[PDB]
Amino acid sequence: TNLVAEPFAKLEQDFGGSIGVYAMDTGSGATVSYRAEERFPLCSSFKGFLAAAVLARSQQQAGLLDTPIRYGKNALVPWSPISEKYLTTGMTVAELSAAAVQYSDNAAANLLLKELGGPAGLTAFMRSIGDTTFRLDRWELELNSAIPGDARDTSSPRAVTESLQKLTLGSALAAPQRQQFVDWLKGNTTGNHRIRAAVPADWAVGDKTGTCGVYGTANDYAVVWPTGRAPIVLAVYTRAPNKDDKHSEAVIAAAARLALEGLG
Ligand SMILES: *C(=O)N1C[C@H](NOS(=O)(=O)O)CC[C@H]1C(N)=O
């Protein structure tokens with residue numbers, strides 16, 4: 001039996017789908033795992049790892065992050081509020097990266113993906129840090145289709161958490177670039193009702209959300225710094241079997257609460 005798992009199973013049954021959770025206490029090595037190795041659509045959440053890959057490239061291409069990109073109107077797609085606002089100005093690669101992370105800007109994500117050689121390029125970066133699960137296959141907006149059983153544009157809660165740790169706390173990025181990634185995550189604007197809602201207000205959080213919407217499909221991943229303790233890294237993903245099934249932020253927050261509670 002798995003008593004630790006029963007509250008999660010209860011939660012996803014009330015929800016009407018599947019919830020996937022993985023949390024790592026980087027001090028103790030303790031973990032909390034629920035459907036941790038099943039695939040879930042990435043939706044917008046891929047944009048965190050996208051920003052990381054751009055940061056890694058900027059270590060080896062001098063002035064890359066400072067480079068202005070003067071994109072045209074044909075680079076724009078729905079829900080690109082920052083990219084639209086800066087259309088007549090242009091944006092640096094840094095600014096695009098922060099827009100992708102902190103506002104989930106779609107156009108900014110597509111412009112950066114192009115710089116890396118498209119979804120296959122981001123996938124190759126993820127492989128280079130030892131992540132064999134992550135895959136990005138399509139661009140915005142098609143990557144959000146979230147069709148049950150389609151492996152395209154998916155990862156697992158465990159692989160996400162493991163890769164997040166490597167990039168934010170490990171050595172996969174050089175220190176200045178690691179700190180930039182952490183700062184982008186900390187300044188995220190879209191995650192207030194997800195993992196941030198599960199966390200004491202005095203603990204620092206950096207996160208990135210995803211919301212495909214269809215098939216009850218949404219997610220959040222985070223690094224959490226509890227006051228006086230090593231950081232906790234975690235990922236919460238949801239999906240559901242019917243196209244009209246509605247995602248729930250509350251369910252992502254409740255799952256996060258159970259992970260933090262289950263840790264030692
Ligand atoms: C990503 O899943 N999305 C981008 C945008 N904001 O969502 S997020 O903050 O939950 O990441 C709208 C939904 C979506 C998309 N359809 O591109």
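Out of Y86, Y34, which single residue is touching a residue at least 24 places away in the same chain (Cβ under 8 Å) and of a type in the set (S, T, Y)?
None of the others qualify; the one that does is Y34.
Do we find that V233 is under 23 Å from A109 (Cβ atoms) and among the hydrophobic types (A, V, I, L, M, F, W, C) in this structure?
In short, yes.
With the condition kept exactly as written, say whether any residue in segment 98-106 is part of a loop (DSSP other than H, G, I, E, B) and either over 23 Å from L234 (Cβ atoms) or of a type in the set (A, V, I, L, M, F, W, C) (or both).
Yes, segment 98-106 has at least one match.
Of the residues in segment 126-155, how many are more than 15 Å from the ligand (Cβ to nearest atom), crowded, with 19+ Cβ neighbours inside 10 Å and more than 23 Å from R178 (Cβ to Cβ)?
1
Which of (1) closer than 17 Å to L258 by Cβ; (2) touching a helix residue (DSSP H, G or I) at 6+ places or on another chain (Cβ under 6 Å); (3) buried (at least 21 other Cβ atoms within 10 Å of the Cβ) is the odd one out, the single condition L55 does not satisfy?
Checking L55 against (1) closer than 17 Å to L258 by Cβ; (2) touching a helix residue (DSSP H, G or I) at 6+ places or on another chain (Cβ under 6 Å); (3) buried (at least 21 other Cβ atoms within 10 Å of the Cβ), the one that fails is (1).
More than 16 Å from the chain's Cα centre (by Cα) and more than 23 Å from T211 (Cβ to Cβ) - does that describe any residue in segment 33-50?
The answer is yes, given that some residue of segment 33-50 is more than 16 Å from the chain's Cα centre (by Cα) and more than 23 Å from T211 (Cβ to Cβ).
Which of the residues spanning segment 58-87 are surrounded by 15 or more Cβ atoms within 10 Å (Cβ to Cβ) and either in contact with a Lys or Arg (Cβ under 7 Å, 6 or more places away or on another chain) or among the aliphatic types (A, V, I, L, M) (or both)?
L64, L65, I69, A75, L76, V77, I82, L87
Could you check segment 74-97 and list, in sequence order, the residues that are closer than 18 Å to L42 by Cα, assigned to a helix (DSSP H, G or I) and hydrophobic (A, V, I, L, M, F, W, C)?
none
With the structure loaded, tell me whether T161 is within 19 Å of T238 (Cβ to Cβ), in contact with a strand residue (DSSP E or B) (Cβ under 7 Å, 6 or more places away or on another chain) and either part of a loop (DSSP other than H, G, I, E, B) or within 16 Å of the ligand (Cβ to nearest atom) (or both) or whether it fails that test.
Judged against the criteria, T161 is not a match.
Can you tell me which of (1) free of Cβ contacts under 8 Å to residues at least 40 places away in the same chain; (2) over 21 Å from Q165 (Cα atoms); (3) hydroxyl-bearing (S, T, Y) is the one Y103 doesn't meet?
In the conditions (1) free of Cβ contacts under 8 Å to residues at least 40 places away in the same chain; (2) over 21 Å from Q165 (Cα atoms); (3) hydroxyl-bearing (S, T, Y), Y103 misses (1) alone.
Give just the number: which of (1) touching a helix residue (DSSP H, G or I) at 6+ places or on another chain (Cβ under 9 Å); (2) closer than 19 Å to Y221 by Cα does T161 not satisfy?
(1)
Quick reminder, even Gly has a Cβ in these numbers, built from the backbone with ideal geometry, and neighbours come from all protein chains shown. Only the coordinates and a few stated rules stand behind these numbers; no lab work does.
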